[PDB]
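Read the structure below first, then the notes.
Every residue, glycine as well, gets a Cβ built from its backbone with ideal geometry; the counts of neighbours run over all protein chains shown. FYI, it's all coordinate maths here, none of it is from the lab.
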Amino acid sequence: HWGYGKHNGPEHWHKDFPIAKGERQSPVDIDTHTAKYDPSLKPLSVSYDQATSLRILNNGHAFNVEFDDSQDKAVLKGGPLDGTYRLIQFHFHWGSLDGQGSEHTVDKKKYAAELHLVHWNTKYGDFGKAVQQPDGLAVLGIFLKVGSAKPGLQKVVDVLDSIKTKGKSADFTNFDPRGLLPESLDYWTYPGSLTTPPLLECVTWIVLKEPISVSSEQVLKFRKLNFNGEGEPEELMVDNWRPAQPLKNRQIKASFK
Ligand SMILES: CCCC[Se]C[C@H](O)C[Se]c1ccc(S(N)(=O)=O)cc1
Ligand SMILES: [Zn+2]
């Protein structure tokens, strides 16, 4: 099965998922000098005041914080988007060392980690339908750098001991994802894909320019997670990131000058 090892990692994925070599794959390097300011892009609208978190799951590739998406409770609108996109889950990608871990890069700079807040277009009715559509998903990407602690991340860090291994889940109610945002909502945007199999070309990527700061102790706790199931030999959950893919016939747009 696919993963991030020597034998099943990103360079192998094309054999089961040929769209891996497609025309709008993610992530990409954001060349900040080549991205064009698009004065017609709107401010992002992030409306998370009524978000209902439910559960946290170790899926063997990352951990997902899942939300109630059965109503318009936590939505993303505006920016490059037409219509309303409902928050379904967030997860991270991170490194074994602070100098790697992000999926997107900025002028080839790798951050320690990257947060993905995943949303689906409500005109398609459910997430499974939305991933079959070129405008089905909107993923809000936020870089993490190591420095000062992020206080709004700590409730996530403290539960990870309870979901160490693949298939473990824990109740995770009343978590406020607004605590993970930076101050500025300035962003880059481009059409892309899921960054894991099945690599479907269904994502409007919205990547915030301002990173959030997390502490070394916070990311060290991410790196204590396991890819393996309980009672299997330990394989630390680190370097769960896909490298940058060819931009091909795409333009990255900036919301800011
Ligand atoms: C069977 C249900 C529908 C088929 Se999609 C299969 C599975 O649910 C992957 Se969900 C996924 C979401 C976000 C990302 S990312 N890193 O943000 O681009 C990656 C994957
Ligand atoms: Zn992701």
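Are any of the pairs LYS36/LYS109; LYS15/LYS253; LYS73/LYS145; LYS42/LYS155 more than 22 Å apart by Cα-Cα distance, and if so, which?
Listed pairs above 22 Å: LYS15/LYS253; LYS73/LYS145; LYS42/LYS155.
Distance check, please: which entries in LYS166/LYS221; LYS110/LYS221; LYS21/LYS166 exceed 23 angstrom between their Cα atoms?
Beyond 23 Å between Cα atoms: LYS21/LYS166.
Rounded, prolate or oblate: pick one for region 27-68, where a ≥ b ≥ c are the square roots of the eigenvalues of its C-alpha gyration tensor, a/c under 1.5 means rounded, and failing that, prolate if a/b is larger than b/c, else oblate.
In terms of gyration-tensor shape, oblate.
Connecting C-alpha atoms closer than 10 Å in a GNM of the chain, tell me which of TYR124, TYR187, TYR85 has the biggest fluctuation.
Its mean-square fluctuation being the largest, the pick is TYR124.
State, to one decimal in nm, how far the label point of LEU220 lies from the label point of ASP31, with both points 7 Å from Cα in the Cβ direction.
4.0 nm
Please list, in order along region 35-51, the HN-Hα scalar couplings obtained from phi with the Karplus expression 6.51 cos²θ - 1.76 cosθ + 1.60 (θ = phi - 60°), rounded to whole Hz, x for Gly and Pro.
5, 9, 4, 10, x, 7, 5, 8, x, 5, 10, 9, 10, 10, 4, 9, 4
What does the C-alpha gyration tensor say about the overall shape of region 144-250? Classify as rounded when a/c is under 1.5, otherwise prolate if a/b is larger than b/c, or oblate.
Oblate, since a/c reaches 1.5 and b/c is not below a/b.
Per 0.36 nm of contour for each residue apart, how much would the distance between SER148 and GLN251 grow if the chain were fully extended, relative to their Cα-Cα spacing?
Working it through step by step, the gained length comes to 33.7 nm.
Roughly how large, in nm² to one decimal, is the mean projection of the convex hull of the alpha-carbon atoms in the chain?
Taking the Cα atoms of the chain, their convex hull projects to 13.0 nm² on average.
Which of rounded, prolate or oblate describes region 195-248 when judged by the alpha-carbon gyration tensor and an a/c cut-off of 1.5?
oblate
Tabulate in residue order the Karplus-calculated ³J(HN,Hα) for region 236-252, using 6.51 cos²θ - 1.76 cosθ + 1.60 with θ = phi - 60°, rounded to whole Hz; enter x for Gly and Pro.
Along region 236-252, the couplings run 4, 7, 9, 6, 8, 10, 8, x, 4, 10, x, 5, 6, 8, 10, 10, 8 Hz.
Net charge near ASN59: determine it from the other residues with C-beta under 11 Å of the C-beta of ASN59, scoring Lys and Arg +1 and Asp and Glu -1.
With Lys, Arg at +1 and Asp, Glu at -1, the net is +1.
Picking from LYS145, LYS209, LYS129, which is most flexible by a Gaussian network model of the chain using Cα springs under 10 Å?
Result: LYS129 has the largest fluctuation of those listed.
Separation between the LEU236 and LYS73 pseudo-spin-labels, each 7 Å from Cα along Cα→Cβ, expressed in nm?
Placing both labels 7 Å beyond Cα along the Cβ direction yields 3.5 nm.
For region 102-236, what relative contact order do you get, as a whole percent, if you take Cα pairs closer than 8 Å and at least 6 residues apart?
On the way: 242 pairs, mean separation 37.8, N = 135.
28 percent.
Can you give the charge dipole size of region 54-136 about its Cα centre, rounded to the nearest 20 debye, using +1 on the beta carbon of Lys and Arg and -1 on the beta carbon of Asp and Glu?
The dipole of region 54-136 has a size of about 60 debye.
Using a basic spin-label model with each label point 7 Å from the Cα along Cα→Cβ, how many nm lie between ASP161 and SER184?
3.8 nm
Before rounding to the nearest 500, sum -39500 (n - 2.57) across all DSSP H runs of length at least 4 in the chain and divide by the residue total; then give [θ] at 222 nm in deg cm²/dmol.
-1500 deg cm²/dmol
Just want to confirm a number: the relative contact order over the chain, from Cα pairs under 8 angstrom separated by 6+ residues, in percent.
27 percent
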